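**Student:** So I pulled this structure from the PDB, and the sequence comes with it:
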Amino acid sequence: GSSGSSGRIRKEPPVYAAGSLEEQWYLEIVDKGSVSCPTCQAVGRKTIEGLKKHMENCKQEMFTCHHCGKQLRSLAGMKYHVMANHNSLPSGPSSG
Ligand SMILES: [Zn+2]
Ligand SMILES: [Zn+2]
């Protein structure tokens, strides 16, 4: 057996903070209807909740060579494009 009752007002702000990203993304929705990914910025979601899960893994780090300025997802592959194309073996101030 059991019993009980309650009833009070609810005047509190949403999970969002008074100055956080969540709020920003939220607007893009309440204004447009959907929000894009701040990481890839190619695919969005109907709301944040859904996006969060997306960025939870998508959140990756991009790189960009300096010699030429190549852009590759896999750091390894890139770091190799330099030693291959920008192969400057330390020998002398000249080649010949
Ligand atoms: Zn993404
Ligand atoms: Zn390069």
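**Tutor:** Sure thing, it's come through. Numbering: from 1, shown residues only. Ligands and ions are numbered 1, 2, ... in the order given.

**Student:** Distance-wise, check the residue most central in space within the chain relative to ligand 2.
**Tutor:** The centroid of the chain falls nearest to residue 39 when counting by CA atoms, centre = their mean (2.5 Å). For residue 39, the distance to ligand 2 (CB to the ion, to the nearest Å) stands at 23 Å. The C-beta positions use only the backbone N, C-alpha and C, and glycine is treated the same way.

**Student:** Ramachandran angles for that residue?
**Tutor:** phi -90, psi -60 (degrees, to the nearest 10).

**Student:** which residues does it contact?
**Tutor:** Listed by CB atoms under 8 Å, 6 or more residues apart in numbering, the contact set of residue 39 reads 55, 58-60.

**Student:** Quick one: buried ones out of these?
**Tutor:** When those are checked for burial by 16 or more other CB atoms under 10 Å, the buried set is residue 55.

**Student:** which non-adjacent residue is nearest residue 25?
**Tutor:** residue 35 (4.5 Å; CB to CB, 6 or more residues apart in numbering).

**Student:** Touching, that neighbour and residue 51? I think so.
**Tutor:** Yes: with contacts counted by CB atoms under 8 Å, residue 35 reaches residue 51, the gap being 5.8 Å.

**Student:** quick one: common contacting residues for these two?
**Tutor:** By CB under 8 Å, 6+ apart, the residues touching both residue 35 and residue 51 are 25, 44-45.

**Student:** could you flag which of the residues you listed are buried?
**Tutor:** Taking 16+ other CB under 10 Å as the criterion, what is buried in those is 25, 44-45.

**Student:** Looking at these, which is nearest ligand 2?
**Tutor:** Taking CB to the ion as the measure, ligand 2 lies nearest residue 44 of these, at 31.8 Å.

**Student:** So which of the buried ones among the shared contacts of residue 35 and residue 51 are in helices?
**Tutor:** Using DSSP state H, residue 25 are the members of these that sit in helices.

**Student:** Residues of this structure that sit close to ligand 1?
**Tutor:** 37, 39-40, 58 (CB under 5 Å from the ion).
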